[PDB]
$ cat final-v9.cif   # mmCIF, C-alpha atoms and all ligand atoms
data_my_file
loop_
_atom_site.label_atom_id
_atom_site.label_comp_id
_atom_site.auth_asym_id
_atom_site.auth_seq_id
_atom_site.Cartn_x
_atom_site.Cartn_y
_atom_site.Cartn_z
CA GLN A 1 11.27 -4.14 10.01
CA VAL A 2 9.97 -1.07 7.99
CA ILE A 3 9.66 -2.55 4.42
CA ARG A 4 9.46 -0.35 1.25
CA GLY A 5 7.51 -1.18 -1.90
CA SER A 6 6.23 0.26 -5.13
CA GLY A 7 3.23 -0.54 -7.30
CA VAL A 8 -0.19 0.47 -8.67
CA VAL A 9 -3.33 0.86 -6.45
CA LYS A 10 -6.07 -1.48 -7.81
CA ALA A 11 -8.77 -1.28 -5.05
CA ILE A 12 -9.76 0.46 -1.81
CA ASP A 13 -12.26 -0.72 0.87
CA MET A 14 -13.23 1.88 3.56
CA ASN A 15 -14.92 -0.77 5.86
CA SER A 16 -11.82 -3.09 6.04
CA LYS A 17 -9.39 -0.09 5.61
CA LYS A 18 -7.60 -2.11 2.87
CA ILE A 19 -5.67 -0.72 -0.13
CA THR A 20 -5.00 -3.41 -2.77
CA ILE A 21 -1.60 -2.71 -4.42
CA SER A 22 -0.14 -4.64 -7.39
CA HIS A 23 3.47 -4.32 -6.12
CA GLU A 24 6.96 -5.14 -7.51
CA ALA A 25 9.22 -7.86 -6.00
CA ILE A 26 10.36 -6.89 -2.44
CA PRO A 27 13.73 -8.67 -1.90
CA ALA A 28 14.02 -7.43 1.76
CA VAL A 29 11.20 -9.91 2.75
CA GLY A 30 11.70 -12.21 -0.34
CA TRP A 31 8.19 -11.53 -1.79
CA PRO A 32 7.61 -11.77 -5.57
CA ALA A 33 5.48 -9.25 -7.54
CA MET A 34 1.86 -9.76 -6.30
CA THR A 35 -1.48 -8.00 -5.72
CA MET A 36 -1.79 -7.67 -1.90
CA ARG A 37 -3.87 -5.77 0.71
CA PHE A 38 -2.26 -3.09 2.93
CA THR A 39 -4.07 -1.59 5.98
CA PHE A 40 -4.16 2.23 6.38
CA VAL A 41 -4.51 4.07 9.78
CA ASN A 42 -4.80 7.76 8.59
CA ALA A 43 -7.29 9.49 6.22
CA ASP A 44 -4.19 11.14 4.48
CA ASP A 45 -2.78 7.70 3.44
CA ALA A 46 -6.31 6.72 2.19
CA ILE A 47 -6.71 10.01 0.24
CA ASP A 48 -3.27 9.51 -1.44
CA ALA A 49 -4.26 5.88 -2.31
CA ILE A 50 -7.65 7.15 -3.68
CA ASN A 51 -5.90 9.69 -6.01
CA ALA A 52 -3.50 6.88 -7.14
CA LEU A 53 -6.59 4.67 -7.84
CA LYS A 54 -8.08 7.49 -10.03
CA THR A 55 -4.86 8.24 -12.03
CA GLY A 56 -3.24 4.72 -12.11
CA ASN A 57 0.02 6.57 -11.21
CA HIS A 58 2.85 4.62 -9.56
CA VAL A 59 2.94 4.67 -5.70
CA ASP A 60 5.86 4.23 -3.25
CA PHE A 61 4.90 3.01 0.24
CA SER A 62 6.35 1.54 3.44
CA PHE A 63 4.72 -0.94 5.89
CA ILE A 64 5.45 -3.42 8.72
CA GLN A 65 4.28 -7.08 8.81
CA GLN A 66 1.74 -8.38 11.41
CA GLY A 67 0.83 -11.77 9.87
CA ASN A 68 -2.11 -11.29 7.43
CA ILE A 69 -2.01 -7.47 8.20
CA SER A 70 0.53 -5.37 6.22
CA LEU A 71 0.25 -2.03 8.07
CA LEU A 72 0.95 1.10 5.91
CA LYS A 73 3.46 3.56 7.52
CA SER A 74 3.65 5.94 4.50
CA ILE A 75 2.45 6.34 0.88
CA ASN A 76 3.58 8.76 -1.91
CA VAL A 77 1.86 9.09 -5.31
CA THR A 78 4.03 10.27 -8.30
CA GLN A 79 2.54 12.47 -11.16
ZN ZN B 101 -3.34 15.74 6.18
#

$ encode --input "final-v9.cif" --output "structure tokens"
Amino acid sequence: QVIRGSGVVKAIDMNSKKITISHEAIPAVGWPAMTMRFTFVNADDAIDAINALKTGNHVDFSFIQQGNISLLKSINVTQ
């Protein structure tokens, strides 16, 4: 139920708490490569996403599915 992904951060919205990630195929849930919105709960996850947005560096992340909400459980940026 914890799903892992990778991609590039393309957008962040602090009102909706949404990180837009252009992610790779995720075979565990049968999703193709897409640009999709993930919800963050913690300022740390947002600050990692914001540094990824600046650099364009690849990001690894995990989330769970609640319908239209993909809830971020972790995020790592890679220099
Ligand atoms: Zn912290």

$ closest_residue --input "final-v9.cif" --among "A:1, A:18, A:6, A:26" --to "residue 75 (chain A)" --atoms "only C-alpha atoms"
A:6

$ closest_residue --input "final-v9.cif" --among "A:43, A:64, A:58, A:51" --to "ligand ZN 101 (chain B)" --atoms "all atoms listed in the file"
A:43

$ closest_residue --input "final-v9.cif" --among "A:78, A:42, A:50, A:65" --to "ligand ZN 101 (chain B)" --atoms "all atoms listed in the file"
A:42

$ residues_near_point --input "final-v9.cif" --point "(6.2, -9.1, -6.0)" --cutoff "12 Å" --atoms "all atoms listed in the file" --output "PDB file with C-alpha atoms, in the coordinates of the input"
ATOM      1  CA  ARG A   4       9.460  -0.350   1.250  1.00  0.00           C
ATOM      2  CA  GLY A   5       7.510  -1.180  -1.900  1.00  0.00           C
ATOM      3  CA  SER A   6       6.230   0.260  -5.130  1.00  0.00           C
ATOM      4  CA  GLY A   7       3.230  -0.540  -7.300  1.00  0.00           C
ATOM      5  CA  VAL A   8      -0.190   0.470  -8.670  1.00  0.00           C
ATOM      6  CA  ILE A  21      -1.600  -2.710  -4.420  1.00  0.00           C
ATOM      7  CA  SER A  22      -0.140  -4.640  -7.390  1.00  0.00           C
ATOM      8  CA  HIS A  23       3.470  -4.320  -6.120  1.00  0.00           C
ATOM      9  CA  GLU A  24       6.960  -5.140  -7.510  1.00  0.00           C
ATOM     10  CA  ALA A  25       9.220  -7.860  -6.000  1.00  0.00           C
ATOM     11  CA  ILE A  26      10.360  -6.890  -2.440  1.00  0.00           C
ATOM     12  CA  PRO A  27      13.730  -8.670  -1.900  1.00  0.00           C
ATOM     13  CA  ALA A  28      14.020  -7.430   1.760  1.00  0.00           C
ATOM     14  CA  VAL A  29      11.200  -9.910   2.750  1.00  0.00           C
ATOM     15  CA  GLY A  30      11.700 -12.210  -0.340  1.00  0.00           C
ATOM     16  CA  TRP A  31       8.190 -11.530  -1.790  1.00  0.00           C
ATOM     17  CA  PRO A  32       7.610 -11.770  -5.570  1.00  0.00           C
ATOM     18  CA  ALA A  33       5.480  -9.250  -7.540  1.00  0.00           C
ATOM     19  CA  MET A  34       1.860  -9.760  -6.300  1.00  0.00           C
ATOM     20  CA  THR A  35      -1.480  -8.000  -5.720  1.00  0.00           C
ATOM     21  CA  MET A  36      -1.790  -7.670  -1.900  1.00  0.00           C
TER      22      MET A  36
END

$ residues_near_point --input "final-v9.cif" --point "(-5.2, -4.6, 5.9)" --cutoff "7 Å" --atoms "only C-alpha atoms" --output "list in words"
residues 16, 17, 18, 37, 38, 39, 40, 69, 70 and 71 of chain A

$ closest_residue --input "final-v9.cif" --among "A:9, A:47, A:14, A:2" --to "ligand ZN 101 (chain B)" --atoms "all atoms listed in the file"
A:47

$ residues_around --input "final-v9.cif" --residues "residue 77 (chain A)" --least-positions-apart "6" --cutoff "9 Å" --atoms "only C-alpha atoms" --output "list in words"
residues 48, 49, 51, 52, 57, 58, 59, 60 and 61 of chain A

$ closest_residue --input "final-v9.cif" --among "A:11, A:53, A:46, A:72" --to "ligand ZN 101 (chain B)" --atoms "all atoms listed in the file"
A:46

$ atom_distance --input "final-v9.cif" --atom1 "CA of residue 62 (chain A)" --atom2 "CA of residue 15 (chain A)"
21.5 Å

$ atom_distance --input "final-v9.cif" --atom1 "CA of residue 66 (chain A)" --atom2 "CA of residue 45 (chain A)"
18.5 Å

$ closest_residue --input "final-v9.cif" --among "A:3, A:44, A:19, A:73" --to "ligand ZN 101 (chain B)" --atoms "only C-alpha atoms and all ligand atoms"
A:44

$ axis_aligned_box --input "final-v9.cif" --around "region 22-30 of chain A" --padding-each-side "4 Å" --output "AutoDock Vina command-line options"
--center_x 6.9 --center_y -8.3 --center_z -2.4 --size_x 22.2 --size_y 15.9 --size_z 18.3

$ decode --input "final-v9.cif" --residues "region 27-38 of chain A" --atoms "N, CA, C and O atoms" --output "mmCIF file, in the first residue's frame"
data_model
loop_
_atom_site.group_PDB
_atom_site.id
_atom_site.type_symbol
_atom_site.label_atom_id
_atom_site.label_comp_id
_atom_site.auth_asym_id
_atom_site.auth_seq_id
_atom_site.Cartn_x
_atom_site.Cartn_y
_atom_site.Cartn_z
ATOM 1 N N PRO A 27 4.956 0.206 -11.948
ATOM 2 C CA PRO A 27 4.293 -1.077 -12.202
ATOM 3 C C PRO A 27 3.477 -1.640 -11.024
ATOM 4 O O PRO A 27 2.541 -2.369 -11.272
ATOM 5 N N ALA A 28 3.824 -1.290 -9.782
ATOM 6 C CA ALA A 28 3.146 -1.788 -8.559
ATOM 7 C C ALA A 28 1.656 -1.413 -8.573
ATOM 8 O O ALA A 28 0.854 -2.162 -7.986
ATOM 9 N N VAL A 29 1.305 -0.272 -9.179
ATOM 10 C CA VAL A 29 -0.097 0.236 -9.270
ATOM 11 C C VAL A 29 -0.515 0.338 -10.753
ATOM 12 O O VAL A 29 -1.649 0.774 -11.033
ATOM 13 N N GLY A 30 0.354 -0.109 -11.668
ATOM 14 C CA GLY A 30 0.123 -0.145 -13.124
ATOM 15 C C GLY A 30 -0.056 1.237 -13.731
ATOM 16 O O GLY A 30 -0.797 1.342 -14.707
ATOM 17 N N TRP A 31 0.597 2.268 -13.196
ATOM 18 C CA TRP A 31 0.521 3.632 -13.781
ATOM 19 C C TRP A 31 1.618 3.788 -14.820
ATOM 20 O O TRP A 31 2.764 3.463 -14.547
ATOM 21 N N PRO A 32 1.345 4.399 -15.992
ATOM 22 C CA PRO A 32 2.411 4.844 -16.880
ATOM 23 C C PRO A 32 3.119 6.099 -16.329
ATOM 24 O O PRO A 32 2.690 6.651 -15.360
ATOM 25 N N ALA A 33 4.198 6.502 -16.992
ATOM 26 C CA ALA A 33 4.897 7.781 -16.820
ATOM 27 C C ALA A 33 3.902 8.920 -17.082
ATOM 28 O O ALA A 33 3.241 8.910 -18.111
ATOM 29 N N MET A 34 3.785 9.839 -16.131
ATOM 30 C CA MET A 34 2.775 10.919 -16.101
ATOM 31 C C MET A 34 3.291 12.067 -15.242
ATOM 32 O O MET A 34 4.213 11.831 -14.435
ATOM 33 N N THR A 35 2.711 13.252 -15.419
ATOM 34 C CA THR A 35 2.844 14.388 -14.487
ATOM 35 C C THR A 35 1.622 14.355 -13.575
ATOM 36 O O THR A 35 0.492 14.331 -14.093
ATOM 37 N N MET A 36 1.837 14.274 -12.264
ATOM 38 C CA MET A 36 0.747 14.033 -11.283
ATOM 39 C C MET A 36 1.013 14.824 -9.994
ATOM 40 O O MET A 36 2.167 15.154 -9.752
ATOM 41 N N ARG A 37 -0.015 15.098 -9.209
ATOM 42 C CA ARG A 37 0.064 15.944 -8.005
ATOM 43 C C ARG A 37 0.067 15.035 -6.780
ATOM 44 O O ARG A 37 -0.805 14.167 -6.659
ATOM 45 N N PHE A 38 1.060 15.247 -5.923
ATOM 46 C CA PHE A 38 1.231 14.527 -4.646
ATOM 47 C C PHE A 38 1.030 15.546 -3.526
ATOM 48 O O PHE A 38 1.497 16.684 -3.630
#
